[PDB]
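Architecture and fold: a report
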Number of protein chains: 2
Amino acid sequence: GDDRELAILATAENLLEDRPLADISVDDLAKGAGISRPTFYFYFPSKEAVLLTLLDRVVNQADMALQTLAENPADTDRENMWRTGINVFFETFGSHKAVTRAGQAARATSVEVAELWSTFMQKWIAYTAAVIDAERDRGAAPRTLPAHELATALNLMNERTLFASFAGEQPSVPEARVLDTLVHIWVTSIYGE
Amino acid sequence: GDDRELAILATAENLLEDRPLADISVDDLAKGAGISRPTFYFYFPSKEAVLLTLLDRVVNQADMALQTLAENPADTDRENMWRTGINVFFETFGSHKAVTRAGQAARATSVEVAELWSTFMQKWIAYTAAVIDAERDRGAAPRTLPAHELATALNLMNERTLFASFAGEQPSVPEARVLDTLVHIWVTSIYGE
Ligand SMILES: O=C(NC[C@@H]1CCOC1)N1CCCC1
Ligand SMILES: O=C(NC[C@@H]1CCOC1)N1CCCC1
């Protein structure tokens with residue numbers, strides 16, 4: 001039951017490492033999961049819904065990891081605290097590059113994937129502004145830009161920069177340099193007067 | 001000749017303000033330009049090539065404006081110099097929102113649009129790193145991150161942030177705040193130790 005479902009999700013993730021969603025048929029997903037086509041439709045309405053679930057799981061795994069961090073402050077300086085938080089997204093999306101890339105391309109065409117991404121980005125930007133506000137309240141960061149607008153651009157930068165790096169786009173920051181790069185932009189823009 | 005061509009480009013830009021490229025037919029472009037369908041095919045191989053030309057013109061207009069600025073230093077402080085440079089992209093792409101949005105969505109599917117965007121982004125990132133390097137050489141900015149990687153993330157941030165603002169995406173920086181927002185990120189990340 002949940003096993004036939006996981007089989008179908010695991011096949012689509014393995015297949016997405018090789019071709020885009022358009023070059024993958026329901027029969028490919030069925031065959032790979034060891035089931036027939038009509039049995040597939042019992043678990044998912046379409047291959048698009050398969051992607052939606054995969055992205056849902058990846059986005060929830062990132063969100064849960066960040067919530068864990070939030071309730072368990074790392075005992076370290078400010079720069080390292082932002083690094084560990086950004087690293088949650090670098091490791092989680094960077095461990096699922098194929099879903100990340102397919103999820104990103106599906107935003108243009110799927111309302112559900114567009115709204116999932118948007119809900120979570122709003123949540124992650126609100127958390128980022130809450131932390132900047134705490135930092136200003138404590139006297140550790142200066143009152144420069146509106147925190148929420150600062151948070152928005154910094155989260156958009158990470159979405160675009162992480163994802164260009166993972167896809168190996170031309171241009172992009174190499175993946176072994178993107179964490180340092182982004183932490184520097186964050187710390188100087190949050191703390192710089 | 002060049003007039004029938006401009007008519008077709010002007011119709012596609014006006015139509016793209018209302019629906020996406022998929023909801024626009026060659027007959028719509030022809031009718032709007034006052035020509036037949038076979039006459040259309042004489043000037044463009046497809047409606048996709050129409051978009052490619054429109055984006056080409058917008059990208060070249062931005063690049064030319066920036067080159068003008070480069071050969072005509074504005075007599076002002078560092079923050080205002082970055083502001084005027086980013087403003088070239090805010091005004092040029094912000095005066096062509098429909099083409100910008102359609103050009104962006106076409107990157108997923110059109111190799112030509114993907115390579116146009118990439119060539120120009122490489123050029124704009126190289127210029128940005130050349131300027132950061134000049135700034136460090138003169139003793140005005142500290143030697144922090146590799147300039148070219150810094151330039152890459154800052155240009156990716158602007159592409160994503162400008163474009164979310166222009167499309168009114170949820171989340172996005174409001175369009176009357178995005179220039180200030182980005183200049184602050186740039187100046188603190190370039191000059192901050
Ligand atoms: O790096 C990111 N954000 C890291 C921020 C730092 C702490 O919470 C969010 N993101 C947000 C969407 C894709 C990548
Ligand atoms: O804001 C941008 N760049 C501004 C930089 C500042 C000076 O030259 C480039 N971009 C680059 C692509 C889309 C928007």
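Residues numbered from 1 in each chain as written, not as in the entry; some residues may be left out. Chains lettered and ligands numbered in written order. Heavy atoms only, no water. Residues with missing side-chain atoms left out of burial classes, pairs and counts.

- This entry lists X-ray crystallography as its structure determination method and reports a resolution of 1.9300 Å.

- As recorded in the PDB entry, chain A goes by the name TetR-family transcriptional regulatory repressor protein, listed as coming from Mycobacterium tuberculosis.
- Per the PDB header, the title for this entry is "Structure of Transcriptional Regulatory Repressor Protein - EthR from Mycobacterium Tuberculosis in complex with N-((tetrahydrofuran-3-yl)methyl)pyrrolidine-1-carboxamide at 1.93A resolution".
- What UniProt states about chain A under its Function (unreviewed entry) heading is, verbatim, "Involved in the repression of the monooxygenase EthA which is responsible of the formation of the active metabolite of ethionamide (ETH)." (UniProt positions renumbered as here; feature names shortened; annotations may be inferred.)

1. Observations concerning the domain arrangement of chain A
All names here are of chain A.
- Here chain A is described as being made up of domain 1 (1-46) and domain 2 (47-193).
- Just the C-alpha atoms count here: the centres of domain 1 and domain 2 sit 29 Å apart.
- Contact with domain 1, which involves 16 residues of that partner, is made by 12 residues of domain 2.
- Here domain 1 is connected to domain 2 by zero salt bridges.
- Run the count over domain 1 and domain 2 and you get six residue pairs in polar contact.
- A per-class count over the side of domain 1 that touches domain 2 returns 13 nonpolar, one polar and two charged. (Domains from an automatic or database assignment. Contact = heavy atoms within 4.5 Å. Salt bridge = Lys/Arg side-chain N within 4 Å of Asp/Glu carboxyl O. Polar contact = N/O pair within 3.5 Å; in protein donor to acceptor, adjacent residues only side chain to side chain. Nonpolar A, V, L, I, M, F, W, Y, C, P; charged D, E, K, R; others polar.)

2. Some points on the site of ligand 2
Residues and elements named next belong to chain B.
- In the vicinity of ligand 2, 13 residues are found, and the nearest of them are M121, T128, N155, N158 and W186.
- Between ligand 2 and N155 there is a distance of 3.3 Å, counted from a nitrogen atom to a side-chain nitrogen or oxygen.
- With respect to ligand 2, the side chain of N158 contributes an N or O atom lying 2.8 Å from an oxygen atom.
- Compared with its free state, where it exposes 370 Å², ligand 2 has 99% of that area covered by protein.
- Looking at the shell around ligand 2, the elements that each hand over two or more residues are α5 (78-94), α7 (111-137) and α8 (147-166).
- Looking at the shell around ligand 2 element by element, the count peaks at five residues for α7. (Near = heavy atom within 4 Å. Areas by Shrake-Rupley, 256 points an atom, 1.4 Å probe, with all protein chains shown as cover. Helix = DSSP H or I, 4+ residues; strand = E, 2+ residues; numbered from the N terminus.)

3. Remarks on the interface of chain B and chain A
- Taken together, the contact pairs 35 residues of chain B with 35 residues of chain A.
- For the side of chain B that touches chain A, the elements supplying multiple residues, two or more each, are α7, α8 and α9 (178-191) of chain B.
- The residue inventory of the side of chain B that touches chain A, partitioned by class, reads 15 nonpolar, 12 polar and eight charged.

4. Considering the packing of aromatic side chains
- This structure, assessed with the given rule, holds 26 aromatic pairs over all chains.
- Measuring from centroid to centroid gives 5.6 Å for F93 of chain B and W117 of chain B, while their planes differ by 80°, and the two rings are edge-to-face. A residue pair is termed long-range when its members are at least 10 positions apart, and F93 of chain B in helix α5 and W117 of chain B in helix α7 qualify at 24 residues.
- Look at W117 of chain B and you get buried, because its relative accessible area is 6%.
- Cluster of aromatic residues (ring-pair linked, three or more members): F89, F90, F93, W117, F120, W124, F163 and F166 of chain A. (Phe/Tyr/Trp six-rings, centres within 6.5 Å; stacked < 30°, edge-to-face > 60°. Buried < 20%, exposed > 50% of the residue type's maximum accessible area, 1.4 Å probe, protein only.)

5. What about unusual backbone geometry?
- In this structure, the amide linkage connecting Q170 of chain A to the following residue, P171 of chain A, adopts the cis form with an omega of 5°.
- Residue position: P171 of chain A is located in the loop between α8 (147-166) and α9 (178-191).

6. Some points on the environment of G168 of chain B
- Position of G168 of chain B relative to the elements: it lies in the loop between α8 and α9.
- Taking C-alpha positions, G168 of chain B is 21 Å from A22 of chain B, a pair spaced 146 residues apart along the chain.

7. Let's talk about the pattern of salt bridges
Residues and elements named next belong to chain B.
- Within this structure, the stated rule accounts for 28 salt bridges over all chains.
- Here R83 makes a salt bridge to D180, at a shortest N to O gap of 2.5 Å. Linking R83 in helix α5 with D180 in helix α9, this pair joins segments that are 97 residues apart in sequence.
- Owing to a relative accessible area of 32%, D180 belongs among the partly exposed residues under this scheme.
- Taking the shortest distance from any N to any O, the salt bridge between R177 and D180 comes out at 2.8 Å.
- Overall, the relative accessible area of 23% leaves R177 in the partly exposed class.

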